[PDB]
$ cat entry_29.cif   # mmCIF, N, CA and C atoms and all ligand atoms
data_target
#
loop_
_atom_site.label_atom_id
_atom_site.label_comp_id
_atom_site.auth_asym_id
_atom_site.auth_seq_id
_atom_site.Cartn_x
_atom_site.Cartn_y
_atom_site.Cartn_z
N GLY A 161 -14.03 34.56 -41.85
CA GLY A 161 -14.97 33.57 -42.42
C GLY A 161 -14.80 32.20 -41.78
N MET A 162 -15.48 31.21 -42.33
CA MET A 162 -15.42 29.85 -41.79
C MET A 162 -14.29 29.06 -42.44
N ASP A 163 -14.13 27.81 -42.00
CA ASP A 163 -13.07 26.94 -42.52
C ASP A 163 -13.36 26.52 -43.96
N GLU A 164 -12.31 26.38 -44.74
CA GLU A 164 -12.44 25.94 -46.13
C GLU A 164 -12.60 24.43 -46.19
N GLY A 165 -13.75 23.98 -46.67
CA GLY A 165 -14.02 22.56 -46.75
C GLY A 165 -15.38 22.28 -47.34
N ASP A 166 -15.54 22.61 -48.62
CA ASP A 166 -16.81 22.40 -49.31
C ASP A 166 -16.57 21.74 -50.66
N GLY A 167 -17.54 20.98 -51.14
CA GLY A 167 -17.44 20.39 -52.46
C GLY A 167 -17.24 18.89 -52.42
N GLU A 168 -16.77 18.38 -51.30
CA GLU A 168 -16.51 16.96 -51.17
C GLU A 168 -17.16 16.41 -49.91
N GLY A 169 -17.48 15.13 -49.92
CA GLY A 169 -18.11 14.51 -48.79
C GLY A 169 -18.23 13.01 -48.96
N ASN A 170 -19.40 12.57 -49.39
CA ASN A 170 -19.67 11.15 -49.57
C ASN A 170 -20.48 10.91 -50.84
N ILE A 171 -19.84 11.10 -51.98
CA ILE A 171 -20.49 10.93 -53.27
C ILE A 171 -20.39 9.47 -53.71
N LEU A 172 -19.76 8.66 -52.86
CA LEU A 172 -19.49 7.25 -53.14
C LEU A 172 -20.74 6.52 -53.65
N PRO A 173 -21.86 6.53 -52.90
CA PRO A 173 -23.05 5.77 -53.28
C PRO A 173 -23.75 6.38 -54.49
N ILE A 174 -23.51 7.66 -54.73
CA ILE A 174 -24.06 8.34 -55.88
C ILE A 174 -23.25 8.03 -57.13
N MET A 175 -21.99 7.64 -56.94
CA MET A 175 -21.06 7.45 -58.05
C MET A 175 -21.55 6.38 -59.02
N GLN A 176 -22.27 5.38 -58.52
CA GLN A 176 -22.80 4.34 -59.39
C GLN A 176 -23.85 4.90 -60.35
N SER A 177 -24.55 5.94 -59.91
CA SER A 177 -25.53 6.61 -60.75
C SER A 177 -24.81 7.41 -61.83
N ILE A 178 -23.79 8.15 -61.42
CA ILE A 178 -22.96 8.92 -62.34
C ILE A 178 -22.28 7.99 -63.33
N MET A 179 -21.72 6.91 -62.81
CA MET A 179 -21.00 5.94 -63.61
C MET A 179 -21.93 5.29 -64.64
N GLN A 180 -23.13 4.94 -64.20
CA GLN A 180 -24.12 4.33 -65.08
C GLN A 180 -24.61 5.33 -66.13
N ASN A 181 -24.73 6.59 -65.74
CA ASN A 181 -25.17 7.64 -66.65
C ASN A 181 -24.12 7.89 -67.73
N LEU A 182 -22.86 7.97 -67.30
CA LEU A 182 -21.75 8.21 -68.21
C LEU A 182 -21.46 6.98 -69.07
N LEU A 183 -21.35 5.83 -68.44
CA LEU A 183 -20.94 4.62 -69.14
C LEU A 183 -22.13 3.91 -69.78
N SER A 184 -23.23 4.63 -69.91
CA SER A 184 -24.36 4.17 -70.69
C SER A 184 -23.93 4.05 -72.15
N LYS A 185 -24.70 3.32 -72.95
CA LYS A 185 -24.36 3.09 -74.36
C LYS A 185 -24.09 4.41 -75.08
N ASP A 186 -24.71 5.46 -74.57
CA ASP A 186 -24.57 6.81 -75.10
C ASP A 186 -23.11 7.23 -75.18
N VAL A 187 -22.44 7.32 -74.04
CA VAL A 187 -21.05 7.78 -73.99
C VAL A 187 -20.08 6.60 -74.09
N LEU A 188 -20.49 5.45 -73.58
CA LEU A 188 -19.65 4.26 -73.59
C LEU A 188 -19.17 3.93 -75.00
N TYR A 189 -20.05 4.09 -75.99
CA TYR A 189 -19.70 3.78 -77.38
C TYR A 189 -18.47 4.58 -77.85
N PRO A 190 -18.51 5.93 -77.86
CA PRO A 190 -17.35 6.73 -78.28
C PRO A 190 -16.13 6.52 -77.40
N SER A 191 -16.35 6.36 -76.10
CA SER A 191 -15.26 6.18 -75.16
C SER A 191 -14.50 4.89 -75.45
N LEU A 192 -15.24 3.81 -75.71
CA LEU A 192 -14.62 2.53 -76.04
C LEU A 192 -13.99 2.59 -77.43
N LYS A 193 -14.67 3.27 -78.34
CA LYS A 193 -14.18 3.44 -79.71
C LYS A 193 -12.84 4.16 -79.73
N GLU A 194 -12.71 5.18 -78.91
CA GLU A 194 -11.47 5.94 -78.81
C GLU A 194 -10.34 5.07 -78.24
N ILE A 195 -10.65 4.29 -77.23
CA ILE A 195 -9.65 3.44 -76.60
C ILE A 195 -9.25 2.29 -77.52
N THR A 196 -10.21 1.76 -78.26
CA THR A 196 -9.93 0.67 -79.19
C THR A 196 -8.97 1.12 -80.29
N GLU A 197 -9.11 2.36 -80.74
CA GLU A 197 -8.19 2.92 -81.72
C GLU A 197 -6.79 3.05 -81.14
N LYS A 198 -6.72 3.32 -79.84
CA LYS A 198 -5.45 3.60 -79.17
C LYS A 198 -4.79 2.33 -78.64
N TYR A 199 -5.61 1.35 -78.32
CA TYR A 199 -5.14 0.10 -77.72
C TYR A 199 -3.99 -0.56 -78.51
N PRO A 200 -4.13 -0.76 -79.84
CA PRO A 200 -3.12 -1.48 -80.63
C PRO A 200 -1.77 -0.75 -80.65
N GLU A 201 -1.81 0.57 -80.77
CA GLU A 201 -0.60 1.36 -80.84
C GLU A 201 0.13 1.34 -79.50
N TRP A 202 -0.65 1.38 -78.43
CA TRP A 202 -0.10 1.32 -77.09
C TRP A 202 0.58 -0.03 -76.86
N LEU A 203 -0.14 -1.08 -77.22
CA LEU A 203 0.36 -2.44 -77.11
C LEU A 203 1.60 -2.65 -77.96
N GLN A 204 1.59 -2.12 -79.17
CA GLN A 204 2.73 -2.26 -80.07
C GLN A 204 3.98 -1.61 -79.48
N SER A 205 3.78 -0.49 -78.82
CA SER A 205 4.88 0.27 -78.25
C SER A 205 5.48 -0.47 -77.06
N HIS A 206 4.62 -0.93 -76.17
CA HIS A 206 5.03 -1.56 -74.93
C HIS A 206 5.17 -3.06 -75.10
N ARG A 207 4.97 -3.52 -76.32
CA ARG A 207 4.93 -4.95 -76.60
C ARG A 207 6.22 -5.63 -76.13
N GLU A 208 7.34 -4.92 -76.26
CA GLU A 208 8.63 -5.47 -75.85
C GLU A 208 8.73 -5.56 -74.33
N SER A 209 8.05 -4.66 -73.65
CA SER A 209 8.10 -4.59 -72.19
C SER A 209 6.94 -5.35 -71.56
N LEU A 210 6.00 -5.77 -72.38
CA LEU A 210 4.78 -6.40 -71.90
C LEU A 210 4.93 -7.91 -71.80
N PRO A 211 4.61 -8.46 -70.62
CA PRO A 211 4.60 -9.90 -70.39
C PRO A 211 3.69 -10.61 -71.39
N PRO A 212 4.10 -11.79 -71.89
CA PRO A 212 3.31 -12.54 -72.87
C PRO A 212 1.89 -12.77 -72.39
N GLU A 213 1.78 -13.15 -71.12
CA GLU A 213 0.48 -13.40 -70.50
C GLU A 213 -0.36 -12.13 -70.44
N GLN A 214 0.28 -11.02 -70.12
CA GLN A 214 -0.42 -9.76 -69.97
C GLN A 214 -0.82 -9.20 -71.33
N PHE A 215 0.09 -9.35 -72.29
CA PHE A 215 -0.10 -8.86 -73.64
C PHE A 215 -1.32 -9.51 -74.27
N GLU A 216 -1.43 -10.82 -74.08
CA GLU A 216 -2.55 -11.58 -74.61
C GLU A 216 -3.89 -11.07 -74.07
N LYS A 217 -4.00 -10.93 -72.76
CA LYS A 217 -5.24 -10.46 -72.14
C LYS A 217 -5.63 -9.10 -72.70
N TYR A 218 -4.62 -8.27 -72.93
CA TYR A 218 -4.85 -6.92 -73.45
C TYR A 218 -5.36 -6.97 -74.89
N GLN A 219 -4.91 -7.96 -75.65
CA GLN A 219 -5.36 -8.15 -77.02
C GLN A 219 -6.82 -8.56 -77.03
N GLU A 220 -7.20 -9.37 -76.05
CA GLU A 220 -8.58 -9.84 -75.95
C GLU A 220 -9.50 -8.68 -75.61
N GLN A 221 -9.06 -7.84 -74.69
CA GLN A 221 -9.81 -6.65 -74.30
C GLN A 221 -9.99 -5.72 -75.49
N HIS A 222 -8.93 -5.54 -76.26
CA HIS A 222 -8.98 -4.71 -77.46
C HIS A 222 -9.98 -5.29 -78.46
N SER A 223 -9.90 -6.60 -78.66
CA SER A 223 -10.77 -7.27 -79.61
C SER A 223 -12.22 -7.20 -79.16
N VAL A 224 -12.45 -7.50 -77.89
CA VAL A 224 -13.79 -7.47 -77.34
C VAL A 224 -14.39 -6.07 -77.37
N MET A 225 -13.62 -5.08 -76.94
CA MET A 225 -14.07 -3.69 -76.95
C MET A 225 -14.43 -3.24 -78.36
N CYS A 226 -13.67 -3.70 -79.35
CA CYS A 226 -13.95 -3.40 -80.74
C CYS A 226 -15.33 -3.91 -81.14
N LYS A 227 -15.63 -5.14 -80.74
CA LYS A 227 -16.89 -5.77 -81.10
C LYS A 227 -18.05 -4.96 -80.57
N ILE A 228 -17.90 -4.51 -79.33
CA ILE A 228 -18.91 -3.71 -78.67
C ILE A 228 -19.18 -2.42 -79.44
N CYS A 229 -18.11 -1.74 -79.83
CA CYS A 229 -18.22 -0.51 -80.60
C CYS A 229 -18.85 -0.79 -81.96
N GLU A 230 -18.42 -1.89 -82.58
CA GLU A 230 -18.97 -2.32 -83.86
C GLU A 230 -20.48 -2.49 -83.78
N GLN A 231 -20.95 -3.01 -82.65
CA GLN A 231 -22.36 -3.30 -82.49
C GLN A 231 -23.18 -2.02 -82.47
N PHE A 232 -22.69 -1.01 -81.77
CA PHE A 232 -23.43 0.22 -81.60
C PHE A 232 -23.42 1.05 -82.88
N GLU A 233 -22.29 1.06 -83.57
CA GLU A 233 -22.17 1.76 -84.84
C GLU A 233 -22.92 1.01 -85.94
N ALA A 234 -23.20 -0.26 -85.69
CA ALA A 234 -23.93 -1.09 -86.65
C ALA A 234 -25.37 -1.29 -86.19
N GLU A 235 -25.78 -0.55 -85.17
CA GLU A 235 -27.12 -0.64 -84.63
C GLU A 235 -28.04 0.38 -85.28
N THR A 236 -29.31 0.04 -85.39
CA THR A 236 -30.30 0.96 -85.91
C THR A 236 -31.49 1.03 -84.95
N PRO A 237 -32.04 2.23 -84.75
CA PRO A 237 -33.23 2.43 -83.91
C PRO A 237 -34.46 1.77 -84.52
N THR A 238 -34.32 1.38 -85.78
CA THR A 238 -35.42 0.81 -86.53
C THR A 238 -35.49 -0.71 -86.34
N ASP A 239 -34.45 -1.28 -85.73
CA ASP A 239 -34.44 -2.69 -85.38
C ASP A 239 -35.50 -2.99 -84.32
N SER A 240 -35.92 -4.24 -84.25
CA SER A 240 -36.97 -4.66 -83.33
C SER A 240 -36.49 -4.66 -81.88
N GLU A 241 -37.44 -4.72 -80.95
CA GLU A 241 -37.13 -4.68 -79.52
C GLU A 241 -36.28 -5.89 -79.12
N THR A 242 -36.50 -7.01 -79.78
CA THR A 242 -35.74 -8.22 -79.51
C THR A 242 -34.30 -8.05 -79.99
N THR A 243 -34.14 -7.18 -80.97
CA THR A 243 -32.83 -6.88 -81.52
C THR A 243 -32.07 -5.97 -80.58
N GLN A 244 -32.79 -4.98 -80.07
CA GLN A 244 -32.23 -4.04 -79.10
C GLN A 244 -31.72 -4.81 -77.89
N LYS A 245 -32.50 -5.79 -77.47
CA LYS A 245 -32.14 -6.64 -76.34
C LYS A 245 -31.01 -7.59 -76.71
N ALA A 246 -31.13 -8.21 -77.88
CA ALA A 246 -30.19 -9.24 -78.31
C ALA A 246 -28.78 -8.69 -78.45
N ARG A 247 -28.67 -7.52 -79.07
CA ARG A 247 -27.38 -6.89 -79.26
C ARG A 247 -26.81 -6.50 -77.90
N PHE A 248 -27.69 -5.98 -77.05
CA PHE A 248 -27.32 -5.59 -75.70
C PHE A 248 -26.79 -6.79 -74.92
N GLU A 249 -27.51 -7.91 -74.99
CA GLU A 249 -27.11 -9.11 -74.27
C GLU A 249 -25.76 -9.62 -74.76
N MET A 250 -25.57 -9.61 -76.07
CA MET A 250 -24.31 -10.05 -76.66
C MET A 250 -23.18 -9.10 -76.27
N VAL A 251 -23.45 -7.80 -76.33
CA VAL A 251 -22.49 -6.79 -75.89
C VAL A 251 -22.18 -6.94 -74.41
N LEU A 252 -23.22 -7.10 -73.60
CA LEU A 252 -23.08 -7.27 -72.17
C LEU A 252 -22.23 -8.49 -71.86
N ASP A 253 -22.47 -9.58 -72.58
CA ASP A 253 -21.69 -10.80 -72.42
C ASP A 253 -20.22 -10.54 -72.73
N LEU A 254 -19.98 -9.84 -73.82
CA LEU A 254 -18.64 -9.45 -74.22
C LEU A 254 -17.99 -8.56 -73.15
N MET A 255 -18.75 -7.60 -72.64
CA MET A 255 -18.29 -6.71 -71.58
C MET A 255 -17.88 -7.52 -70.36
N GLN A 256 -18.68 -8.54 -70.05
CA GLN A 256 -18.41 -9.42 -68.92
C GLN A 256 -17.08 -10.14 -69.09
N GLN A 257 -16.77 -10.53 -70.31
CA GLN A 257 -15.54 -11.25 -70.60
C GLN A 257 -14.34 -10.33 -70.48
N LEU A 258 -14.45 -9.14 -71.06
CA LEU A 258 -13.33 -8.22 -71.11
C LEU A 258 -13.02 -7.65 -69.73
N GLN A 259 -14.06 -7.35 -68.95
CA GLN A 259 -13.85 -6.87 -67.58
C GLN A 259 -13.17 -7.97 -66.75
N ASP A 260 -13.51 -9.21 -67.06
CA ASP A 260 -12.92 -10.39 -66.42
C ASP A 260 -11.49 -10.63 -66.92
N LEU A 261 -11.16 -10.01 -68.05
CA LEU A 261 -9.84 -10.18 -68.67
C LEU A 261 -8.85 -9.16 -68.13
N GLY A 262 -9.38 -8.09 -67.56
CA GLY A 262 -8.54 -7.04 -67.03
C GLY A 262 -8.98 -5.68 -67.52
N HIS A 263 -8.63 -4.65 -66.76
CA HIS A 263 -8.95 -3.29 -67.15
C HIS A 263 -7.90 -2.76 -68.12
N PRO A 264 -8.27 -1.82 -68.99
CA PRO A 264 -7.33 -1.16 -69.88
C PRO A 264 -6.33 -0.31 -69.08
N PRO A 265 -5.14 -0.07 -69.65
CA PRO A 265 -4.11 0.74 -69.00
C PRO A 265 -4.60 2.14 -68.67
N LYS A 266 -4.17 2.69 -67.54
CA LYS A 266 -4.60 4.00 -67.08
C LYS A 266 -4.27 5.10 -68.09
N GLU A 267 -3.17 4.94 -68.82
CA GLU A 267 -2.82 5.89 -69.88
C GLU A 267 -3.88 5.87 -70.97
N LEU A 268 -4.43 4.69 -71.23
CA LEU A 268 -5.47 4.54 -72.22
C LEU A 268 -6.82 4.93 -71.65
N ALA A 269 -6.89 5.07 -70.34
CA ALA A 269 -8.12 5.50 -69.69
C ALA A 269 -7.95 6.93 -69.19
N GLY A 270 -6.85 7.56 -69.62
CA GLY A 270 -6.53 8.91 -69.19
C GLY A 270 -7.42 9.97 -69.79
N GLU A 271 -8.55 9.54 -70.31
CA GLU A 271 -9.55 10.45 -70.84
C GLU A 271 -10.82 10.33 -70.02
N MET A 272 -10.74 9.52 -68.98
CA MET A 272 -11.86 9.30 -68.07
C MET A 272 -11.61 10.08 -66.79
N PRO A 273 -12.68 10.57 -66.13
CA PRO A 273 -12.55 11.33 -64.88
C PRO A 273 -11.98 10.47 -63.75
N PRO A 274 -10.73 10.77 -63.31
CA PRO A 274 -10.05 9.99 -62.27
C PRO A 274 -10.94 9.74 -61.06
N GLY A 275 -11.33 8.49 -60.88
CA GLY A 275 -12.22 8.13 -59.80
C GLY A 275 -13.13 6.98 -60.19
N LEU A 276 -13.68 7.05 -61.40
CA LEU A 276 -14.57 6.00 -61.89
C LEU A 276 -13.77 4.83 -62.46
N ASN A 277 -12.49 4.74 -62.07
CA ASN A 277 -11.56 3.77 -62.63
C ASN A 277 -11.99 2.34 -62.36
N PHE A 278 -11.37 1.42 -63.08
CA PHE A 278 -11.79 0.03 -63.08
C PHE A 278 -10.65 -0.87 -62.60
N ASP A 279 -10.84 -1.53 -61.46
CA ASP A 279 -9.86 -2.48 -60.95
C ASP A 279 -10.32 -3.90 -61.23
N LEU A 280 -9.45 -4.72 -61.82
CA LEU A 280 -9.84 -6.06 -62.25
C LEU A 280 -10.36 -6.90 -61.10
N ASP A 281 -9.65 -6.87 -59.98
CA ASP A 281 -10.06 -7.64 -58.82
C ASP A 281 -11.42 -7.18 -58.32
N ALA A 282 -11.64 -5.87 -58.35
CA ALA A 282 -12.92 -5.30 -57.95
C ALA A 282 -14.01 -5.67 -58.95
N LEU A 283 -13.63 -5.77 -60.21
CA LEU A 283 -14.56 -6.16 -61.27
C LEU A 283 -14.85 -7.65 -61.19
N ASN A 284 -13.84 -8.39 -60.76
CA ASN A 284 -13.93 -9.83 -60.61
C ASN A 284 -14.68 -10.18 -59.33
N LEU A 285 -14.92 -9.14 -58.52
CA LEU A 285 -15.54 -9.28 -57.21
C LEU A 285 -14.72 -10.20 -56.32
N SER A 286 -13.40 -10.17 -56.51
CA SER A 286 -12.49 -10.98 -55.72
C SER A 286 -12.34 -10.41 -54.32
N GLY A 287 -12.34 -9.09 -54.22
CA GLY A 287 -12.24 -8.43 -52.94
C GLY A 287 -13.06 -7.16 -52.88
N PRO A 288 -14.40 -7.26 -52.95
CA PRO A 288 -15.29 -6.11 -52.93
C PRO A 288 -15.53 -5.60 -51.52
N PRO A 289 -15.64 -4.27 -51.35
CA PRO A 289 -15.86 -3.65 -50.03
C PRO A 289 -17.15 -4.12 -49.37
N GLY A 290 -18.21 -4.22 -50.16
CA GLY A 290 -19.48 -4.66 -49.63
C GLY A 290 -19.72 -6.13 -49.90
N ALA A 291 -19.21 -6.61 -51.04
CA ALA A 291 -19.32 -8.01 -51.43
C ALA A 291 -20.76 -8.38 -51.74
N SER A 292 -21.56 -7.36 -51.96
CA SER A 292 -22.97 -7.52 -52.25
C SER A 292 -23.18 -7.74 -53.75
N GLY A 293 -22.17 -7.39 -54.53
CA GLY A 293 -22.27 -7.49 -55.97
C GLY A 293 -22.22 -6.13 -56.62
N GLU A 294 -21.49 -5.23 -55.98
CA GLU A 294 -21.31 -3.87 -56.47
C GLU A 294 -20.70 -3.89 -57.87
N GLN A 295 -21.30 -3.14 -58.78
CA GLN A 295 -20.87 -3.14 -60.16
C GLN A 295 -20.70 -1.71 -60.67
N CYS A 296 -20.52 -1.58 -61.98
CA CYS A 296 -20.27 -0.30 -62.60
C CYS A 296 -21.53 0.18 -63.30
N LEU A 297 -21.85 -0.47 -64.40
CA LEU A 297 -23.06 -0.20 -65.16
C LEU A 297 -23.84 -1.48 -65.35
N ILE A 298 -23.37 -2.53 -64.69
CA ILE A 298 -23.95 -3.85 -64.83
C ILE A 298 -25.20 -3.98 -63.96
N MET A 299 -24.98 -4.16 -62.67
CA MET A 299 -26.07 -4.27 -61.71
C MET A 299 -26.14 -3.01 -60.87
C1 LIG A 301 -18.66 -3.12 -64.01
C2 LIG A 301 -18.68 -3.03 -65.54
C3 LIG A 301 -17.67 -3.14 -66.37
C4 LIG A 301 -16.24 -3.31 -65.94
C5 LIG A 301 -17.90 -3.05 -67.86
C6 LIG A 301 -17.71 -1.67 -68.46
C7 LIG A 301 -16.25 -1.22 -68.43
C8 LIG A 301 -15.22 -1.78 -69.05
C9 LIG A 301 -15.37 -2.95 -69.98
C10 LIG A 301 -13.82 -1.23 -68.93
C11 LIG A 301 -13.51 -0.07 -69.85
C12 LIG A 301 -14.63 0.96 -69.91
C13 LIG A 301 -14.53 2.28 -70.00
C14 LIG A 301 -13.21 3.01 -70.05
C15 LIG A 301 -15.74 3.15 -70.04
#
$ encode --input "entry_29.cif" --output "structure tokens" --more "lines below"
Ligand SMILES: *C/C=C(\C)CC/C=C(\C)CCC=C(C)C
Amino acid sequence: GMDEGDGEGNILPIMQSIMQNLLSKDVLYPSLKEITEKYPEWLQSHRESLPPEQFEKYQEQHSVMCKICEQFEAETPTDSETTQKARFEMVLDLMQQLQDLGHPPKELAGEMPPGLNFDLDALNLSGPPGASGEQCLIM
């Protein structure tokens, strides 16, 4: 037969579509909700080993992620279009802050498919490969 080498190639540019599909409000809500439940216990455990500066940022991410989950669980399809937008904008703003605060620990993201991971510097666009404004589910 031929050489073994199928299944992988250049899914890189497609990954933003997959990432946007997965991290849509649909799945993003439960995924964030699960991590928010886990965040405090993780922090409490590593709190002794966690730098004061780092610990704080992680608390903000936990708090912000909670708000986002709260919004979706407190959302109704019966709300007006301006409400759908308003909650989204507020959530998006919160998302912008938390992504700027740092990514959650990989252990806490160990329920996500290894690859769609989130690097703070990459999120901060401090050192992006294209530098065009590559995002996750944002742009
Ligand atoms: C580019 C968009 C970002 C970083 C906002 C969405 C993601 C986060 C906030 C980080 C945690 C999210 C998941 C584990 C889905």
$ select_by_dssp --input "entry_29.cif" --residues "region 176-262 of chain A" --states "alpha helix (DSSP H)" --output "PyMOL selection string"
chain A and resi 176-182+185-206+212-233+241-261
$ residues_around --input "entry_29.cif" --residues "region 244-255 of chain A" --least-positions-apart "3" --cutoff "8 Å" --atoms "only N, CA and C atoms" --output "ChimeraX atom specification"
/A:224-225,227-229,231-232,236,239-241,258-261
$ residues_near_ligand --input "entry_29.cif" --ligand "ligand LIG 301 (chain A)" --cutoff "8 Å" --atoms "all atoms listed in the file" --output "number ranges by chain"
A: 182-184, 187-189, 191-192, 195, 221, 225, 252, 254-260, 262-264, 268-272, 276-280, 282-284, 294-299
$ atom_distance --input "entry_29.cif" --atom1 "CA of residue 293 (chain A)" --atom2 "atom C of residue 190 (chain A)"
26.3 Å
$ atom_distance --input "entry_29.cif" --atom1 "atom N of residue 290 (chain A)" --atom2 "CA of residue 177 (chain A)"
16.8 Å
$ closest_residue --input "entry_29.cif" --among "A:173, A:237, A:265, A:194" --to "residue 217 (chain A)" --atoms "only C-alpha atoms"
A:265
$ atom_distance --input "entry_29.cif" --atom1 "atom N of residue 287 (chain A)" --atom2 "CA of residue 211 (chain A)"
23.4 Å
$ closest_residue --input "entry_29.cif" --among "A:165, A:196, A:281, A:267" --to "residue 222 (chain A)" --atoms "all atoms listed in the file"
A:196
